[PDB]
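Shown next are two forms of a single protein chain, provided one at a time as structure tokens under the names structure 1 and structure 2.
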Structure 1
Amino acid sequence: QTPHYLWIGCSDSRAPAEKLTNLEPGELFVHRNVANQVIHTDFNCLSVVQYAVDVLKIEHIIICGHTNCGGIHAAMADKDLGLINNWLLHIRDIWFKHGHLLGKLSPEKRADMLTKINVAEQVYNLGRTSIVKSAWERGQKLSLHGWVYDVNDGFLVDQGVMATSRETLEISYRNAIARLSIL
């Protein structure tokens, strides 16, 4: 009967999409990876993103991050854990990009802050893929969402990110970071 909502969660056995949502079982494409990333040059993910947009003709993509997250912790620490270092170097660039903002916060609160920046940045990445641009620019309906789940509090009434167009992607992304920067 076909799925209508793509979820991109973290491999960290978190965002049991199934369970966190509770919508219609069978209408949820899922992809999971360490720190729930959308990297410009990742076939794996983009391939999913493609199948979901072009083929299954989906109109929603949630990227969902979470707090107390292994990728983020791994990303912030130094242990060279092999391949995963490469993968997380992308997250470390995000940390550098917002170093100033993060660069003044109880270090405890930094992991959770970075979890949030990240969800914004991946939506921003997602939104700049040819896949998605093409789709919008050809008049197809597609909405993007960035949410952060916490095991204690549920979903944070945060600067979510929300993008239904190239123009809205921008505002949203900016607003998101703008909003996170206040302290």
Structure 2
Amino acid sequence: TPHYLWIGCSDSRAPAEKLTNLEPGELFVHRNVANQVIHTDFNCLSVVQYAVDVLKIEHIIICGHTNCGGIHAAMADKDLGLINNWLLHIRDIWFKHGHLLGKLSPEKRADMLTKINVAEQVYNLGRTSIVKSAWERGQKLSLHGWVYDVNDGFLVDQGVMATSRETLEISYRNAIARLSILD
């Protein structure tokens, strides 16, 4: 029975079981465009609630990745239709950090947004009533935010990692600080 929840992108350029060094059925999996945890998405949140409360999964992983079309279409003007609405949550993140990204060479922005987005989604995840509740009642649970680089097939931990609400705040804020200030 599964011990992990993988929240990944529908691009699914990796096999989650390879990257996690797991076999299938250990992994409970949700996937959407640009691996989002939206506060009021019933679909993702159901997944999380069932995993956390019913299955007692101890580890949730948001894995983002490079050369993601959601990330690219988020940065692009183009009216693509309904998917724009879903990607507007990422555009909001794009402008939230517009100073960092402006300072950036246009060609390194997608890589950077991919990262920022993973951090932000782990932050959304750790603020859900589900996860906070699990923590308050002593349930063991850890959130993780990874990025797969499609161009060299490597994972990178993004230093975003929470086992409580205080630890969420500490590593989120520190992650954004590095991303914002470091070269």
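Structure 1 provides the reference sequence; residues are numbered from 1 along it. C-alpha atoms forming the largest set that superposes within 1.5 Å between two forms make up the rigid core.
Candidate set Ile117, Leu156, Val34, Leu142; criterion, C-alpha shift of 2 Å or more between the two structures after rigid-core fit; matching residue, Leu156. Shown is the Cα shift of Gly103 between the two structures after rigid core superposition, which amounts to 1.2 Å. Here the rigid core is superposed, and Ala15 then shows its C-alpha moved by 3.3 angstrom between the two structures.
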